[PDB]
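In the entry's author numbering, the protein residues as written are 1 to 129.
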Amino acid sequence: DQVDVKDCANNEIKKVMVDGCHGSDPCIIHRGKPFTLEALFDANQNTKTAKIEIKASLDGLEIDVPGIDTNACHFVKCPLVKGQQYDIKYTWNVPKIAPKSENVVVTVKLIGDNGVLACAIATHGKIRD
């Protein structure tokens, strides 16, 4: 299933779904399931450059993206422009993790040179429900 995250790509994403978490509202998530927020997109701009701003903190899966890739190329391709397809993502091998995480923050965004290619924000979140 998917959620109601505040996606913000150009306007052509092919699929945006998180396995448990809830979008829009304070993404509450579940424990015991592989929570994996998704948000594919199809390069529709025109720039061989690629940036990024992903930042997801999980209960034992603190995924962060501090200027890691040189240009959003460590995960996908670097040149997005309107001649490439994507399939980024962010899974989470989920054991049990108990209820409520020490804290959560799901953010994201892909930026080329014409306009933010993709984007998705959950705004905080509290595992449990």
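The C-beta atom is built at its ideal place from N, Cα and C for all residues, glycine as well.
Subject >> Residues that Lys-55 bridges to, as DSSP identifies them >> reply: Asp-64 and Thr-107
Original post:
Is the beta carbon of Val-3 sitting closer than 7 angstroms to the one on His-30?
Top reply: no
Original post:
Which residues does DSSP pair with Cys-119 in a beta bridge?
Top reply: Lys-109
Subject >> Meets three-Cβ-pair contact criterion under 8 angstroms: the stretch 4-20 and the stretch 73-81 >> reply: no
**OP:** Could you check the C-alpha separation between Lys-100 and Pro-26 for me, to the nearest Å?
**Re:** 12 angstroms
Original post:
For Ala-39 versus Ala-120, is the C-beta spacing smaller than 7 angstroms?
Top reply: yes
**OP:** Confirm, please, whether the CB-CB distance from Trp-92 to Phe-35 is below 7 angstroms.
**Re:** yes
Original post:
Does the Cβ-Cβ distance between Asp-129 and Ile-54 come in under 7 angstroms?
Top reply: no
Subject >> Cβ-based neighbour list, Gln-45, same chain, cut-off 8 angstroms, excluding 5 preceding and 5 following >> reply: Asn-10, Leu-80, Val-81, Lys-82, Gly-112, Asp-113, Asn-114, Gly-115 and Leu-117
Original post:
Got a sec? Which residues, its chain only, sit under 6 angstroms from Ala-56 by beta carbon, not counting five neighbours each side?
Top reply: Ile-63, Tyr-90 and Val-106
**OP:** Compare the beta carbon distance of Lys-33 and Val-94 with 7 angstroms and say whether it is the shorter of the two.
**Re:** yes
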